[PDB]
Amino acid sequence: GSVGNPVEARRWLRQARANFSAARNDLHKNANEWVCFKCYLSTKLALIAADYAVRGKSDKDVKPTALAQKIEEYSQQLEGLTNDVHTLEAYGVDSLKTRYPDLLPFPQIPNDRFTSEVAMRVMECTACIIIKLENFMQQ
């Protein structure tokens, strides 16, 4: 898209970074669904930040993997972004499955769903996503 909004981009990135920092508060506390939801939301907000940075607008209705696909076309600097973002799904992480039992295979609840190993792999993916996007927004 044509004209970017750097003020709004910075605002959303600030929150994305806060969400990733806060994921540390739930580590090794039997709250792995909260590590994963925080990382999912960090990822979503960082992508929306980048969308503001380029186009001055976004959509919170669009799934992160689809937002990442559009954003990745903005520059070769973002190569690999969509693969990173899609890895969250591969670990069974999305907005609804980290929160609601009716979306999980009976009888699982979110508190039962994610191992500490998975929460760690999800943090690694998220850190890489934020780094690719911060690099791109720095220019």
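Numbers for residues come from their place in the sequence shown, where the first is 1.
- Legend: mean Cα B-factor per stretch from the PDB entry, 112 to 120 versus 15 to 23; the higher mean is in 112 to 120.
- In this entry, 67 to 75 has the higher mean Cα B-factor, the comparison being between 67 to 75 and 94 to 102.
- Among all modelled residues in this chain, the alpha-carbon of residue 87 has a temperature factor (C-alpha) in the middle third.
- In the deposited entry, the Cα temperature factor of residue 33 places it in the lowest third of its chain's modelled residues.
- Annotation for residue 45: CA B-factor lies in the lowest third of the chain's modelled residues.
- Ranked within its chain, residue 81 lands in the middle third, by CA B factor from the PDB record.
- Among the modelled residues of its chain, residue 62 has a C-alpha B-factor that falls in the highest third, as given in the PDB entry.
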